[PDB]
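Going down the list, the sequences are from chains A and B. The first sequence lines up with residues 509 to 609, 612 to 883 when you count with the authors' numbering. The second sequence lines up with residues 1 to 81, 89 to 336, 340 to 350 when you count with the authors' numbering. We put the CB at the ideal spot given by N, CA and C, even for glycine. Take a look at the structure set out below.
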Amino acid sequence: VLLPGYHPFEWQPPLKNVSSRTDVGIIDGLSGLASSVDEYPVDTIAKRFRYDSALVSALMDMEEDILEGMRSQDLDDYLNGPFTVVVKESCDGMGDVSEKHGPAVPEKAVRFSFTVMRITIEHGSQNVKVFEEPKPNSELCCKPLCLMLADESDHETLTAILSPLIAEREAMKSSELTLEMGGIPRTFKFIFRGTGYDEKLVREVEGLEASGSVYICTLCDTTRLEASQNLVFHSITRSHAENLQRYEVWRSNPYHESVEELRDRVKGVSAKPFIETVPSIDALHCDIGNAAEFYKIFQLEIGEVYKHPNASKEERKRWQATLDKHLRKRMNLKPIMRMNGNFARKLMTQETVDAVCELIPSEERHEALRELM
Amino acid sequence: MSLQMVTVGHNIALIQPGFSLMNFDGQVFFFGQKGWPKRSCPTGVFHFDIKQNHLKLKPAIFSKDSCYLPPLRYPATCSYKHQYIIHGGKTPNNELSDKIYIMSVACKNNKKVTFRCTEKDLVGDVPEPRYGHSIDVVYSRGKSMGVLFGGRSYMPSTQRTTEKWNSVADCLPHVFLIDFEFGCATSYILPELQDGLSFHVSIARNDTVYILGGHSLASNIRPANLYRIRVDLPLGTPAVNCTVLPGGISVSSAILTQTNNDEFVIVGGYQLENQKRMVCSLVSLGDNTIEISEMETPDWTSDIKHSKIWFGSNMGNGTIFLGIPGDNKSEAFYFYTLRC
DNA sequence: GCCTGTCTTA
Ligand SMILES: [Mn+2]
Ligand SMILES: [Zn+2]
């Protein structure tokens with residue numbers, strides 16, 4: 509009952525290039541990938557669900573929460589008006605998976623998942639929130655859709671395994687699901703949002719360059735230099751369409767340009783994207799970046815670099831030793847050799863600014879630091 | 001035929017099954033890298049030089065007017081009198104290309120080649136995107152024409168379903184005449200070619216192309232047939248005729264090299280799914296005859312004898328570049347050069 | 001004014 513392939517359902521209109529059979533369970537993740545000795549060598553084992561079928565199984569699983577959520581919003585159990593499902597899509601490598609008795615042969619894995627984020631119902635010109643995932647980053651609600659033993663950096667296999675999933679996902683973007691819940695047929699409209707991709711996988715599936723590139727942002731076309739001089743005024747200009755377009759520009763070279771000029775033109779989109787993603791940022795990295803900058807500012811303000819341009823390695827090392835000792839003394843803050851989250855959390859406080867001001871000569875710089883913090 | 005081990009430089013990972021080698025004025029080049037091209041070599045084309053059994057892959061650059069073709073696995077390639092024709096193949100995203108690319112030497116300054124890669128548009132009876140198919144050039148009545156045959160492709164957009172999204176089928180065995188001068192293609196159905204064929208060998212002499220071995224998916228047979236396809240080009244009305252000739256080898260994915268004019272060697276490939284073709288063949292060509300003779304098998308090492316898969320390409324100078332996978336501790343691939 | 005695995009630990 510709890511596995512994909514148990515309940516019946518219908519898509520209106522029927523999904524493009526997706527079977528209408530509802531009794532499909534676990535399917536081979538290669539999706540009929542050729543395996544003869546002549547073909548490309550297939551070195552991976554993978555299994556997956558059919559994306560629509562998995563969406564049905566997940567919905568039936570949360571049926572009781574949907575009915576209870578409609579009740580808690582003063583709506584009717586038997587109401588069937590169109591529900592909307594915001595599905596968060598994810599994909600990550602799982603590093604090493606090997607079991608070993612030394613001569614450790616690594617074995618990497620890729621997990622392709624989805625997370626029902628919220629379900630709403632149109633009751634008026636209003637969208638009533640009948641379900642919202644309480645712990646959206648938990649492993650409890652991250653429904654596995656495809657498991658594969660392959661390297662996330664192995665583009666040929668990544669695209670061969672994932673392309674059928676993406677195709678079913680696309681097909682569902684243009685249809686409505688009818689499914690029987692508590693005796694009443696209901697209809698569901700889906701909104702897939704690929705936010706579960708860390709930067710490396712974003713860049714890989716959206717055609718961008720590797721993280722060391724000058725084009726540092728996956729939301730805009732800024733270079734590292736541009737982003738350092740222009741600090742605040744950028745806008746979210748990249749998109750899956752633009753990126754498809756830029757790959758085509760890169761491929762056809764329509765204005766017969768040199769590689770540097772062509773690369774400048776296409777803003778680093780030098781391979782064909784194959785997954786539409788929605789790159790974001792986590793609350794953690796905002797704090798981390800700010801704290802790294804404030805830490806460096808603390809060390810330099812202890813050394814009065816505003817007043818002295820040059821300083822040897824020894825002078826800066828003694829500045830950092832002073833700051834670390836003083837934070838350990840007055841703020842009870844252990845020194846760390848590596849950036850991390852809770853050092854940031856504990857260091858980004860006005861109390862720490864008073865502490866570090868105890869080590870700064872001029873108080874105009876006290877004012878500056880207090881206002882920056 | 002002397003077998004020799006080869007060591008590889010830092011970018012050995014680029015070499016994968018389905019790669020291609022092209023020879024320009026004795027210099028060998030490598031195309032079809034694994035993964036999309038990186039900042040180290042944006043073209044995906046490399047100078048492929050073996051000095052004292054050590055292989056170095058050094059990036060090659062494109063002219064200002066070039067296409068930057070995507071890396072292609074198992075494309076159809078052939079040599080044109089000097090330029091190289093690449094048609095079809097699989098891209099790093101597993102899409103099949105219908106395009107045609109032409110590689111030529113744009114500038115050779117101080118032994119540092121610049122390439123021109125130009126995309127040729129094709130109209131008429133364009134062949135569906137393919138891999139594992141053959142293309143060669145024939146010359147008839149002072150005229151040059153391309154002949155393309157075989158291969159595999161995904162299911163048509165009507166029948167393709169996500170559960171078997173990657174399933175492949177042999178293409179219909181239609182011979183395609185392709186005029187590069189005009190960019191047009193014409194399809195010719197022949198009664199002698201009833202079944203589809205992939206990973207076969209093709210030898211082009213004058214107005215003829217011979218088709219050897221290959222593998223047919225529907226029957227799952229590696230047929231021991233030899234097909235001669237003759238093309239006459241009287242004015243603007245071409246004509247194509249096929250003849251079956253007994254004595255054909257049964258081999259898929261074999262490699263072909265030219266040892267002398269009108270004599271070629273066929274090494275490697277598969278006789279059965281689990282068996283490898285360890286023997287070698289010598290083909291001698293006459294203006295109207297072809298002869299296939301067994302030759303002395305080379306001194307294979309135990310690693311080659313016991314490998315299930317091997318892959319390779321023709322370097323041009325009667326020498327093949329071969330590769331087999333190995334496990335244990340160590341390398342992903344082990345490469346050899348077989349000379350003739 | 002480099003790229004890019006490997007390695008070291010935190
Ligand atoms: Mn990751
Ligand atoms: Zn940005």
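Comparing alpha-carbon positions, the option among A:545, A:769, A:625 lying closest to residue 596 of chain A turns out to be A:625. Residues 860, 863, 867 of the same chain have their beta carbon placed closer than 8 Å to that of residue 880 of chain A, with the five preceding and five following residues left out of the count. Secondary structure note for residue 804 of chain A: its alpha helix (DSSP H) is the uninterrupted segment 793-812. A:663 is the residue among A:572, A:663, A:609, A:586 whose C-alpha sits nearest the C-alpha of residue 602 of chain A. Assignment of beta-bridge partners to residue 76 of chain B by DSSP yields B:94.
The beta-carbon of residue 100 of chain B is placed less than 9 Å from the nearest beta-carbon of chain A. Interface annotation for the stretch 117-135 of chain B against chain A: 126, criterion Cβ-Cβ distance under 8 Å. In this structure the stretch 569-585 of chain A does not lie against the stretch 298-316 of chain B, because fewer than three pairs of beta carbons, one per stretch, are closer than 8 Å. Counting along the chain, no alpha helix (DSSP H) covers residue 618 of chain A; the unbroken beta strand (DSSP E) around it starts and ends at 618-632. As the crow flies, the alpha-carbon of residue 72 of chain B is around 9 Å from that of residue 104 of chain B. By the C-beta criterion, the stretch 151-164 of chain B is judged to be in contact with the stretch 175-190 of chain B, since at least 3 inter-stretch pairs fall below 8 Å. Close to residue 607 of chain A, with beta-carbon spacing below 8 Å, lies no residue of chain B; the smallest spacing is near 17 Å. One alpha carbon belongs to residue 6 of chain B, the other to residue 50 of chain B, and they sit about 8 Å apart. Residue environment analysis places residue 809 of chain A among the buried positions, since at least 16 neighbouring C-beta atoms fall within 10 angstroms of its C-beta.
Here the residues close to ligand 1, judged by CB distance below 7 Å to any of its heavy atoms, are A:600, A:601, A:662, A:708, A:710, A:711 in chain order. Nearest CB-CB separation between residue 68 of chain B and chain A: below the 9 Å threshold. Pairing residue 169 of chain B with residue 2 of chain B, the inter-Cα distance amounts to about 48 Å. Not a single CB atom of chain A sits nearer than 9 Å to the CB of residue 319 of chain B.
Within the stretch 760-771 of chain A, the residues whose Cβ lies closer than 9 Å to some Cβ of chain B are 760, 761, 762, 763, 766, 767, 768, 769, 771, listed in chain order.
The secondary-structure analysis by DSSP pairs residue 27 of chain B across a beta bridge with B:24. Think of a sphere of 7 Å around the beta carbon of residue 167 of chain B: the chain A residues whose beta carbon falls inside it are 525, in chain order. Closer than 8 Å to some heavy atom of ligand 2: that does not describe the Cβ of residue 733 of chain A. Look at residue 796 of chain A: its beta carbon is at least 8 Å from all of the heavy atoms in ligand 2. Within chain A, 546 have C-beta atoms less than 8 Å from the C-beta of residue 206 of chain B, given in sequence order. For residue 241 of chain B, there is no enclosing alpha helix (DSSP H), as DSSP marks it with neither H nor E.
For residue 638 of chain A, the three-state secondary structure derived from DSSP is strand. Between ligand 2 and the CB of residue 729 of chain A, the shortest heavy atom gap is smaller than 8 Å.
Residue 574 of chain A: not part of any beta strand (DSSP E); member of the alpha helix (DSSP H) spanning 571-580, first to last residue. Neighbours of residue 535 of chain A in chain B, taken as residues whose beta carbon is under 8 Å from its own, are 170 in chain order. Going by C-alpha positions, residue 95 of chain B is about 18 Å away from residue 37 of chain B. Rounded to whole angstroms, residue 813 of chain A and residue 820 of chain A show a C-alpha spacing of 10 Å. Using beta-carbon distances, residue 74 of chain B counts as an interface residue toward chain A, with a partner under 9 Å. Contact between the stretch 520-534 of chain A and the stretch 867-876 of chain A is not established, with fewer than three Cβ pairs separated by less than 8 Å. As for any alpha helix (DSSP H) of minimum length 4 sitting wholly inside the stretch 745-773 of chain A, the runs are 750-762, ordered along the chain. Between residue 157 of chain B and residue 147 of chain B the beta-carbon gap is near 21 Å, outside 8 Å, which marks them as no contact.
In the pairwise beta carbon analysis, the stretch 716-736 of chain A is classified as not touching the stretch 618-633 of chain A: fewer than three pairs are separated by under 8 Å.
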